[PDB]
Number of protein chains: 4
Amino acid sequence: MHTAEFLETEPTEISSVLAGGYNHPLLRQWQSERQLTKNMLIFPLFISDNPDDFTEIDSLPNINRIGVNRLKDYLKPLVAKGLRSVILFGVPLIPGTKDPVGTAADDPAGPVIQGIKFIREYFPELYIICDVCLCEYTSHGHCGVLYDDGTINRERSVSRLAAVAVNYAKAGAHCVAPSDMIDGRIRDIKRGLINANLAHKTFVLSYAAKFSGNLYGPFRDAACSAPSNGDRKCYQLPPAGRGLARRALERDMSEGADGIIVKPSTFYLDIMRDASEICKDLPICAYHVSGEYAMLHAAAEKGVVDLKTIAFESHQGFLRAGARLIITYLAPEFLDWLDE
Amino acid sequence: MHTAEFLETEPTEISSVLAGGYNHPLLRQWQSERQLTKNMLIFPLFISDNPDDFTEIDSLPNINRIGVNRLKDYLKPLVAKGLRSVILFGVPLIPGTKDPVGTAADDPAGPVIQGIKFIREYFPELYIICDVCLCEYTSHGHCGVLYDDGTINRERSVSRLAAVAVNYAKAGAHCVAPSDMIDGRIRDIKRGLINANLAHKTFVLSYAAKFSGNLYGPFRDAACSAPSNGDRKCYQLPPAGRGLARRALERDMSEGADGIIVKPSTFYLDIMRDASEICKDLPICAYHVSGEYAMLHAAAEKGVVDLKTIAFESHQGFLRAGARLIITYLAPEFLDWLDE
Amino acid sequence: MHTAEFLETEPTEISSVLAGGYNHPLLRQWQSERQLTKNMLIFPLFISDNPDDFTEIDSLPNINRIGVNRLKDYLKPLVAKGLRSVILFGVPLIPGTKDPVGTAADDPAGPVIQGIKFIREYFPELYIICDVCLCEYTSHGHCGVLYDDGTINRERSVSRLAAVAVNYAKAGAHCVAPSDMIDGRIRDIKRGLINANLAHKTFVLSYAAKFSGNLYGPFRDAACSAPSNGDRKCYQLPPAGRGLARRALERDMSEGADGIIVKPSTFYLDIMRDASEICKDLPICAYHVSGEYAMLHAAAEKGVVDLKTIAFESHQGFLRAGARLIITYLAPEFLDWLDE
Amino acid sequence: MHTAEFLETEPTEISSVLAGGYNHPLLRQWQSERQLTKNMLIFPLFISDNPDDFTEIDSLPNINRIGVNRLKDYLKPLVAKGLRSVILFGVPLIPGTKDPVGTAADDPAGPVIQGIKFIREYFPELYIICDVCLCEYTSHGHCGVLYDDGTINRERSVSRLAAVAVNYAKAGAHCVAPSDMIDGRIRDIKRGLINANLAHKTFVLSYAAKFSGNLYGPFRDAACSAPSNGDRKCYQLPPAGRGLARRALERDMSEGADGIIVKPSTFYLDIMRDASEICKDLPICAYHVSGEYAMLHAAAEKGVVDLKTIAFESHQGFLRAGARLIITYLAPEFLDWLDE
Ligand SMILES: [Zn+2]
Ligand SMILES: [Zn+2]
Ligand SMILES: [Zn+2]
Ligand SMILES: [Zn+2]
């Protein structure tokens with residue numbers, strides 16, 4: 001007969017025994033270096049320049065493009081469940097708005113600044129973050145100002161972006177989050193806020209390690225920000241570029257970032273870990289991007305994973321890797337799930 | 001008129017300028033610290049105890065359960081395209097096989113050892129890795145031997161697992177990969193190989209940082225390994241347990257691991273980065289698990305991502321985070337994609 | 001009788017046993033931290049100002065001095081076998097060309113810029129690196145502009161070199177590689193590219209740790225760059241000067257280098273290892289120089305080593321020591337050897 | 001006219017200026033972290049079991065196989081020029097000497113122990129190192145005792161090697177240098193010396209990081225040590241195996257090594273640098289092996305390099321990389337060159 005063989009053992013070495021630390025549900029919580037709380041959540045808003053908009057974005061589940069006259073009813077229940085922060089993205093749809101230098105990015109009449117004034121008035125305790133970039137405002141869809149050859153013009157771009165950021169701060173935004181990845185834009189934005197006497201009031205949340213890749217699809221629908229001719233690979237970091245990401249983190253810290261974003265999130269958890277050493281004294285934020293989000297919904301719909309389960313697994317992942325803040329389209333779900 | 005404002009700039013600081021390093025496609029390759037090659041790929045095989053099997057696994061796209069009489073035709077084209085390694089999982093379906101101590105795990109008549117002898121004869125240059133565990137062989141589906149209260153019995157389990165590993169080595173396997181996560185099993189497996197005069201011939205590839213979670217669904221179908229009563233949370237590591245994972249990596253290195261696996265992969269890239277310091281002198285392997293794989297297919301089917309694109313993005317992610325080996329169900333695709 | 005004595009042993013300690021990790025050919029590959037691929041290779045070209053040249057260089061085996069009208073036939077088969085990058089060296093032989101300030105270094109009529117325009121037109125996917133220095137263009141053969149006492153004039157030299165580098169970039173070179181070792185030339189070259197709006201397009205590949213020594217003999221024949229009166233020991237680093245090399249690496253990184261070269265290679269592998277810490281976020285390139293190359297051929301011809309074997313041994317050495325790029329006269333051989 | 005362009009400069013930054021440190025020949029000496037002295041040199045001797053031998057080794061320039069009756073005349077002038085240490089290799093040519101367990105390795109009648117007694121008597125101040133291995137004594141030419149399948153038997157090999165080392169110590173050798181690379185042999189050799197009351201008298205100089213490769217050709221002629229059937233790749237380290245080398249250095253230190261050898265030398269300078277951290281408290285020795293030596297002679301004969309120049313360049317390389325001792329076939333040359 002084939003019988004079950006058992007090799008002769010030596011006494012257990014104490015160094016082998018890890019199991020005492022995780023044999024109860026409370027312990028598996030004790031083992032986290034950071035626990036998820038509601039105040040860590042940052043929820044993106046896509047604000048339309050049609051005040052009555054509430055448009056479904058087909059590729060971005062359960063997220064809409066919203067005008068100002070619809071914001072109050074949308075946000076009231078979220079704030080009531082403990083939402084503490086939002087990140088605004090403007091989506092100007094009125095024709096003849098977009099141009100080569102993103103003039104409308106800081107249009108006082110535009111959806112972001114209108115959105116800021118609305119939220120400061122109706123939800124004065126909400127912390128307002130504004131994305132800073134030109135892509136939702138340029139005729140060509142790139143994140144900066146271009147040379148004639150279509151490559152990015154660094155100096156003009158950071159000059160423009162610094163203006164936009166300061167103007168959002170002047171309108172009332174508490175935080176600016178430059179998502180452009182153009183060399184040296186943090187220095188100029190910080191200098192701009194210093195010159196405007198707003199640097200002591202305005203958190204600079206840099207998208208310091210933001211990678212090019214395949215996970216921004218549904219965002220392009222929500223924000224109508226797809227590039228015209230070419231792609232973003234000469235400024236967004238290459239997925240394999242750990243060295244570049246490390247240098248970008250150091251750079252933006254040095255140039256005045258109060259916090260940094262790693263983007264995408266799950267697919268770049270190692271870069272959050274890198275950032276947790278380089279930027280150990282700064283808050284680190286994970287951005288759970290449109291494609292990562294839509295991927296979780298697609299897999300859950302197919303029965304591969306359970307939505308709530310993998311949402312907790314992925315978001316706990318961010319905290320494990322060193323983040324303490326999360327920008328996520330699942331914020332409404334978590335404001336309910338974290339009660340229980 | 002609202003006009004485009006441009007703040008006054010200072011001269012560019014050289015420290016700001018990263019763009020010289022990634023403005024051409026060849027450079028975005030120069031920026032990787034490791035490039036993907038075919039010899040890094042390890043392909044899982046699910047071997048049936050019905051020699052004529054070639055059964056589709058509904059939840060695991062394009063992967064089948066295969067008996068020995070079908071292996072040659074399956075593997076010939078893969079080896080011809082450069083496959084260098086396989087990892088074997090036995091799936092014994094004959095009734096009255098499974099028992100409380102996983103007797104059949106090392107049945108010389110069983111699919112793993114038959115699979116080893118087949119591959120050594122027909123594909124003598126293929127490197128054979130065998131998964132080592134009891135879950136595919138226990139009546140209760142857990143990875144070790146249980147006490148009456150249903151908790152894991154450490155000493156009996158590692159005694160049994162050491163036997164299994166040595167027996168696979170004795171049959172011809174080049175490498176054993178214990179996936180059980182039971183405290184101290186590497187020491188006993190290594191001592192077992194030393195006593196059998198096989199330690200100088202047998203690579204010990206420990207699943208050192210293997211987490212409990214929501215991503216093993218489709219594997220349970222392929223391997224018929226689902227637990228009976230309870231789950232694996234008292235031995236698989238808690239997703240938030242970075243400290244435990246760090247300690248597990250150190251432990252298994254100390255107890256004789258020649259290499260380590262981090263599992264799952266994408267959702268645990270930060271742990272690969274941790275491992276790349278702790279286990280800097282050892283090969284690190286990412287396991288792209290059944291649920292991560294099925295998730296990529298589900299999202300691609302929904303048009304969220306492009307399959308090939310995100311496959312390269314995710315697998316490049318592993319290398320970026322410090323892995324130099326990848327166990328992946330996408331090995332056949334990559335053996336074609338890496339030619340081009 | 002003298003008989004074979006065997007001392008009494010203790011049981012094997014697991015910590016002693018390394019052999020599990022390297023007992024199979026696939027494993028000895030798993031043990032490399034980086035594998036050699038074709039896209040890592042950079043091949044030097046010596047371009048003549050006689051368009052029809054294809055002159056053998058007696059001291060540099062299998063390498064010729066080539067004019068532009070012969071380039072297409074020379075490069076077509078190499079690119080077809082996967083060559084991705086070249087490094088250009090100009091060799092102007094027309095009398096009355098060389099002068100004390102290396103005027104011809106950036107002659108639009110000269111072999112480098114002609115070579116750049118030829119390659120951009122006929123091989124538009126090739127990545128073009130240009131050596132930047134004055135030695136192939138000065139009447140005196142030194143790498144910079146001299147004072148009357150014959151010592152290097154730093155300020156004038158870096159002023160001239162910055163111009164040359166920018167002019168090559170303006171002509172189409174993707175990368176400039178200053179090989180002069182004159183203090184602070186990287187800062188000025190980078191500032192020059194920034195002022196010319198080319199820094200976002202031009203990789204600066206500094207020969208940061210370049211040593212004086214006995215291994216440049218055959219290069220002096222190919223490039224007709226031998227100094228007049230004196231040697232290069234006051235700017236090329238002394239072979240024993242680890243401290244200086246460490247400081248040079250830090251300096252050039254700080255002044256804008258996107259990548260660094262260690263030169264020579266095999267005889268300075270320890271400096272590559274130093275560089276892999278100091279410049280961990282940057283690509284590191286080994287230059288397998290003329291004398292190291294000619295040394296391998298001489299020893300192989302004498303039957304001391306096998307050419308292919310020691311070529312792989314030495315080039316794997318570079319990767320082991322932390323390089324991820326290799327400038328090597330053996331590129332044609334490797335474009336064939338890496339297929340197999 | 002094409003005229004020499006000079007870009008506008010900024011004032012020199014002090015951080016750019018390294019040249020103050022190496023503008024004079026005395027300074028290029030000040031810049032070495034260690035200077036070459038005669039007492040750092042260790043000279044290999046190949047001792048024949050024919051007492052009157054003085055046989056030229058065709059592939060090893062200027063080195064002979066020497067019997068005991070010729071030793072005095074050979075060594076007298078070397079010691080007179082300051083030779084402080086030798087490393088002995090036995091070359092028994094009498095038929096019926098070699099056997100599967102290397103019985104003759106510690107034959108009191110054999111060339112090593114005769115060589116030890118000769119040198120202790122006639123040159124009592126010379127420091128005697130003995131190579132410890134079985135390859136010059138086994139019928140099959142491998143470095144240890146084999147199983148029937150021809151693979152190395154670890155336990156028997158280290159048992160035999162420990163005996164040999166202790167027996168050389170008992171005969172008068174001051175130092176034993178095990179060159180076998182078999183797992184755990186240092187522990188057993190050290191325990192053997194402790195049991196023999198010789199550990200307080202006997203330096204253990206481990207060849208801890210000894211690589212397989214193409215550079216041992218001429219040694220095989222001198223020592224008649226070429227393997228029978230197979231090669232040494234399952235115990236000598238793979239050239240790409242930095243991780244293994246790091247682990248081997250740590251291991252042998254832990255098991256009792258008083259010093260370590262890195263072998264080969266020039267082609268592994270990065271491993272010396274690794275060793276200088278891992279083994280910072282221990283002397284590190286470079287072995288300039290037969291093929292590296294013969295390579296320098298071949299290139300010098302071809303006029304690629306100047307022999308003396310490259311000998312100093314390479315040996316200074318060892319010291320730069322962290323060695324403080326050098327085993328080298330060029331010791332006679334250096335005992336003359338270091339006077340001047
Ligand atoms: Zn943008
Ligand atoms: Zn299991
Ligand atoms: Zn030069
Ligand atoms: Zn030996």
# chains A, B, ... in the order shown; residues from 1 in each chain; ligands from 1
$ residues_near_ligand --ligand "ligand 2" --cutoff "7 Å" --atoms "only C-alpha atoms and all ligand atoms" --output "NGL selection string"
:B and (133-136 or 142-143 or 179-180)
$ residues_around --residues "segment 190-207 of chain D" --least-positions-apart "2" --cutoff "8 Å" --atoms "only C-alpha atoms" --output "PDB file with C-alpha atoms, in the first residue's frame"
ATOM      1  CA  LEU C   7      37.354  13.521  10.163  1.00  0.00           C
TER       2      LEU C   7
ATOM      3  CA  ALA D 162      39.099  18.819   6.954  1.00  0.00           C
ATOM      4  CA  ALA D 163      41.577  15.996   7.420  1.00  0.00           C
ATOM      5  CA  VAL D 166      44.631  19.684   9.618  1.00  0.00           C
ATOM      6  CA  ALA D 169      48.835  22.324   9.647  1.00  0.00           C
ATOM      7  CA  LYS D 170      50.285  19.424  11.624  1.00  0.00           C
ATOM      8  CA  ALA D 173      51.824  24.994   7.289  1.00  0.00           C
ATOM      9  CA  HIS D 174      50.872  28.345   8.809  1.00  0.00           C
ATOM     10  CA  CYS D 175      47.740  28.803   6.752  1.00  0.00           C
ATOM     11  CA  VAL D 176      45.281  26.586   4.920  1.00  0.00           C
ATOM     12  CA  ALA D 177      43.351  27.907   1.881  1.00  0.00           C
ATOM     13  CA  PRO D 178      40.458  25.627   0.894  1.00  0.00           C
ATOM     14  CA  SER D 179      39.733  26.183  -2.829  1.00  0.00           C
ATOM     15  CA  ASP D 180      37.022  23.554  -3.266  1.00  0.00           C
ATOM     16  CA  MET D 181      33.851  25.634  -2.923  1.00  0.00           C
ATOM     17  CA  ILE D 186      35.088  25.910   6.367  1.00  0.00           C
ATOM     18  CA  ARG D 187      33.116  24.847   9.474  1.00  0.00           C
ATOM     19  CA  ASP D 188      34.557  21.364   9.339  1.00  0.00           C
ATOM     20  CA  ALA D 209      33.970  33.716  -3.693  1.00  0.00           C
ATOM     21  CA  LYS D 210      35.480  31.526  -6.388  1.00  0.00           C
ATOM     22  CA  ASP D 252      32.566  31.338   5.374  1.00  0.00           C
ATOM     23  CA  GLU D 255      32.142  29.293   9.843  1.00  0.00           C
ATOM     24  CA  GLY D 256      35.595  30.496  10.875  1.00  0.00           C
ATOM     25  CA  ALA D 257      37.472  32.075   7.962  1.00  0.00           C
ATOM     26  CA  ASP D 258      40.208  34.446   9.156  1.00  0.00           C
ATOM     27  CA  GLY D 259      40.513  35.855   5.627  1.00  0.00           C
ATOM     28  CA  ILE D 260      38.865  35.438   2.253  1.00  0.00           C
ATOM     29  CA  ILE D 261      39.973  35.126  -1.364  1.00  0.00           C
ATOM     30  CA  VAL D 262      38.032  36.457  -4.361  1.00  0.00           C
ATOM     31  CA  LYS D 263      38.940  34.476  -7.495  1.00  0.00           C
TER      32      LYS D 263
END
$ interface_residues --of "chain B" --to "chain D" --cutoff "8 Å" --atoms "only C-alpha atoms" --output "JSON, numbers by chain"
{"B": [280, 281, 282]}
$ write_last_selection --atoms "N, CA and C atoms" --output "mmCIF file, in the first residue's frame"
data_model
loop_
_atom_site.group_PDB
_atom_site.id
_atom_site.type_symbol
_atom_site.label_atom_id
_atom_site.label_comp_id
_atom_site.auth_asym_id
_atom_site.auth_seq_id
_atom_site.Cartn_x
_atom_site.Cartn_y
_atom_site.Cartn_z
ATOM 1 N N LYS B 280 17.538 40.144 -0.710
ATOM 2 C CA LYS B 280 18.274 40.687 -1.847
ATOM 3 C C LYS B 280 19.186 39.690 -2.536
ATOM 4 N N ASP B 281 19.706 38.713 -1.811
ATOM 5 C CA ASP B 281 20.609 37.765 -2.462
ATOM 6 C C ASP B 281 19.896 36.565 -3.108
ATOM 7 N N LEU B 282 18.591 36.489 -3.055
ATOM 8 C CA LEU B 282 17.820 35.345 -3.547
ATOM 9 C C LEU B 282 16.919 35.695 -4.718
#
$ select_by_dssp --residues "segment 78-307 of chain A" --states "strand (DSSP E)" --output "PyMOL selection string"
chain A and resi 85-91+127-132+175-178+203-210+259-263+284-288
$ residues_around --residues "residue 138 of chain C" --least-positions-apart "6" --cutoff "6 Å" --atoms "only C-alpha atoms" --output "PyMOL selection string"
chain C and resi 98-100+102
$ atom_distance --atom1 "atom CA of residue 77 of chain A" --atom2 "atom CA of residue 123 of chain A"
11.6 Å
$ select_by_dssp --residues "segment 84-226 of chain A" --states "helix (DSSP H, G or I)" --output "ChimeraX atom specification"
/A:103-106,111-122,154-171,185-195,217-223
$ atom_distance --atom1 "atom CA of residue 32 of chain A" --atom2 "atom CA of residue 320 of chain A"
7.1 Å
$ residues_around --residues "segment 87-91 of chain D" --least-positions-apart "6" --cutoff "9 Å" --atoms "only C-alpha atoms" --output "MDAnalysis selection string"
chainID D and resid 42:49 65 105 110:113 115:116 127:132 136:137 175 177 222:225 327
$ atom_distance --atom1 "atom CA of residue 185 of chain D" --atom2 "atom CA of residue 251 of chain B"
24.2 Å
$ residues_around --residues "residue 221 of chain C" --least-positions-apart "6" --cutoff "10 Å" --atoms "only C-alpha atoms" --output "compact mmCIF listing (two decimals) with N, CA and C atoms, in the first residue's frame"
# COMPACT_ATOMS: atom_id res chain seq x y z
N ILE C 57 41.42 49.43 -39.24
CA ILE C 57 42.26 49.97 -38.16
C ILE C 57 43.08 48.82 -37.61
N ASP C 58 44.37 48.80 -37.92
CA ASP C 58 45.17 47.58 -37.72
C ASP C 58 45.11 47.12 -36.28
N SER C 59 45.14 48.07 -35.34
CA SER C 59 45.17 47.67 -33.94
C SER C 59 43.81 47.39 -33.34
N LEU C 60 42.73 47.60 -34.05
CA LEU C 60 41.37 47.37 -33.55
C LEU C 60 40.65 46.34 -34.41
N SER C 290 38.85 50.00 -26.20
CA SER C 290 39.65 49.45 -27.29
C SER C 290 40.69 48.47 -26.78
